[PDB]
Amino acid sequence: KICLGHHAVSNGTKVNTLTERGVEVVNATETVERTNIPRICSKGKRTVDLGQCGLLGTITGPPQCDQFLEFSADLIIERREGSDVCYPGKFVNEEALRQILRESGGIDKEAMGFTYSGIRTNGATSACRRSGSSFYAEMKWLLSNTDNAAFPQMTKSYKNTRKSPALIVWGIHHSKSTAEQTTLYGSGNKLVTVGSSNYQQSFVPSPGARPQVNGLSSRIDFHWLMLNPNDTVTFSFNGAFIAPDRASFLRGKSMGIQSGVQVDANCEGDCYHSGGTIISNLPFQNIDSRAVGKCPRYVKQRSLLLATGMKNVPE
């Protein structure tokens, strides 16, 4: 006599189908990745670990960013201990600027060529310490020559003679009081107008007490624009103005992540989250819905078993 049959095993794997839940098959395989590598796998990639340098700091240059003023990178890592500032302050449209810098590939600095007469240009503070009182490396704190002297209305223009847009940053200084502002820049209302070809905006300083951060109750507002090739930016100001010394140009392309784990140049990855790297051939992941890079699609399920063998019918 001759008989036809099929194989089976003592312990199969249960899977789900359209018509039944928990059908046992001879073998199955996982489609959802749960295994994380708790490092930033960066083998083969120009990596910049900003550490204590905040990403926006690379444009203005507080001391913690001196090593990063012209960085070049394929992968940019922000750290939780990063600070963008030394003299307290904050950027306008800060997140827009971060997203531009995360994908820039790094920055290339170039002097914009502003010269001054009739003012001081060496404003410094003990909050930006470089073996003494200093300031942002890419900026110039413009002052009256002497206390309460009038800050002359002045005009400074810069033409982007290069072929890619120029990142221009300036600052508005808000002293701790109306009285302190007059010693720095002279009395009266002070105004800074910014205009180019696709941008126009005015700024007036706002002196007043603020909570003391880094010993100071004053703050600097940092503003920026992208200046197109062959376009000109013109600054008209009469005080409380932190002038740009260099413009920034974007090098190419990169990606930025925010992580709390070490760099590992011995693993290779393309999908990152704050806890490390997702290295997987699987189409789905249940690790972090905010992972970035080239990633498996985040799904809410921890497991989706795909049958790789026939139904298991044991004896």
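A residue's number is simply how far along the shown sequence it sits, counting from 1.
Mean CA B-factor, 172-180 versus 99-107: the higher value falls on 172-180. Taking only CA atoms, the mean B-factor in the PDB entry is higher for 13-21 than for the other of 13-21 and 289-297. Highest C-alpha temperature factor among 146, 164, 93, 72 per the entry: 146. In the deposited coordinates, the residue among 136, 158, 237, 222 with the greatest CA B-factor is 237. Per-chain ranking of the deposited C-alpha B factor places residue 231 in the highest third.
The entry lists a Cα temperature factor for residue 119 that places it in the highest third of the chain's modelled residues.
In the deposited entry, the Cα temperature factor of residue 127 sits in the middle third of values across the chain's modelled residues. Residue 77 sits in the lowest third of its chain by CA B factor, as recorded in the PDB entry.
When all modelled residues of the chain are sorted by CA temperature factor, residue 281 is found within the highest third.
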